[PDB]
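[1] Build me a structure from this.
(4 chains)
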Amino acid sequence: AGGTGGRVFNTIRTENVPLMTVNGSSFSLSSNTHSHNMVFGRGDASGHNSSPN
Amino acid sequence: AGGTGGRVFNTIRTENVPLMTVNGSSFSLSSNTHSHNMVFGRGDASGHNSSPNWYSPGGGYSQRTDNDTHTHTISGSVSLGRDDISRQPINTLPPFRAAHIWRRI
Amino acid sequence: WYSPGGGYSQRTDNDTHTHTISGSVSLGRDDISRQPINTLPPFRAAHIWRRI
Amino acid sequence: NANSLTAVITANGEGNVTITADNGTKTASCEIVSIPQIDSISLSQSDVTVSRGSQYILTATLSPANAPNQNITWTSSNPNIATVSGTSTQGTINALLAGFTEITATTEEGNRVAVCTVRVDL
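    Residues are numbered from 1 along each chain as shown, chains lettered A, B, ... in the order given. Provided below are the atomic coordinates:
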């Protein structure tokens, strides 16, 4: 035996790596109708697939 | 007392219920107004609060004031998110109260 | 659209939506950071090793 | 003590330590564990929503009614978004128009760990 005791390589010790999870959260964003800017007027020529404004 | 000592019944041992907190952070979510496409047909009957779009039609006499070309994107800020993790299990139940060798020479 | 009947014009460019549109969002939270557990001053209390 | 029989202890710091006495002949021992105070304080609000310029005044109530020489070294993560001051009151005056500031208290006379309060700008 030895005067100093330790359990590293092989011994019945305690303590481990905890595992936990976070509760489900949903991100909510508001689509503001302003701040979209504007260029030109009625077509004319308009970019294809552009968002209607 | 005994020849070999340890920290099992009364001592500063390890293992416990993990608890932690996360600092407040801002999460950004962008709600793009495009890519919605078109569904259904010409009314007919249309549900209320429907987003109006353009069909790229050339107005013979009227003016299409509801159709325009986007010039700048829209940036939005999302709300908060999760706070922290929940309780987790520490150690193994079958290995609970495991004996530790501490006998001296 | 507020479901308003067009007085003179024909609002054929506005219609209800029946299929969902896939949207792409940015990154979000990943994991928590390091936190302190227990007190170092009272932690690891010395135990008497005297034999019987 | 005055008669040398008694001994007044004062755990100023933290950590396990032993205190001896009776230097004459045989000296005994007595462990004195300086365990952390862990006086868990609680903020008035945690999920707060600050605005541009306006700063909702908060507070940091400790677990006990009062502490010996109790003080708070108030910190404000992301100080540009908002800042706090004082020990009991916080005063999370905002500067930026958008952001999340993890305003957490810090007991100078006690455990540094304290409850936080995220100040939103939406």
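
[2] How about the residues of chain A by chain C?
    A:22, A:25, A:27 (C-beta under 8 Å from any C-beta of the partner chain). No exception for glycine: its C-beta is placed from N, CA and C like everyone else's.

[3] OK, contacts around residue A:31?
    By C-beta atoms under 8 Å, 6 or more residues apart in numbering or on different chains, the contact set of residue A:31 is B:31, B:33, B:74, B:76.

[4] Surely residue D:118 and residue D:47 touch.
    Yes: using C-beta atoms under 8 Å, residue D:118 is in contact with residue D:47, at 6.7 Å.

[5] more crowded one of these two?
    residue D:118 (24 against 11; other C-beta atoms under 10 Å in any protein chain shown).

[6] Is that one in a helix, a strand, or coil?
    Three-state call for residue D:118 (DSSP: H, G, I helix; E, B strand; the rest coil): strand.

[7] Name the nearest residue to it, ignoring sequence neighbours.
    residue B:24 (2.2 Å; C-beta to C-beta, 6 or more residues apart in numbering or on different chains).

[8] In the chain, which residue sits furthest out from the middle?
    I'll assume chain A. residue A:1 (52.7 Å; C-alpha atoms, centre = their mean).

[9] that's the other chain; I wanted chain D
    Of all residues in chain D (C-alpha atoms, centre = their mean), residue D:25 lies farthest out, 43.5 Å.

[10] list the contacts for residue D:48?
    D:56, D:58, D:92, D:117-120.

[11] Next, format these as CSV and append distance to residue D:33.
    Output for the contacts of residue D:48, formatted as CSV (distance: C-beta to C-beta, whole Å):
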residue, distance to residue D:33
D:56, 41
D:58, 34
D:92, 37
D:117, 32
D:118, 35
D:119, 38
D:120, 41
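
[12] Most neighbours out of those, which is it?
    Neighbour-wise, those (other C-beta under 10 Å) top out at residue D:119, 30 neighbours.

[13] sorry, back to before: nearest to chain C among the contacts of residue A:31?
    residue B:31 (7.0 Å; C-beta to the nearest C-beta).
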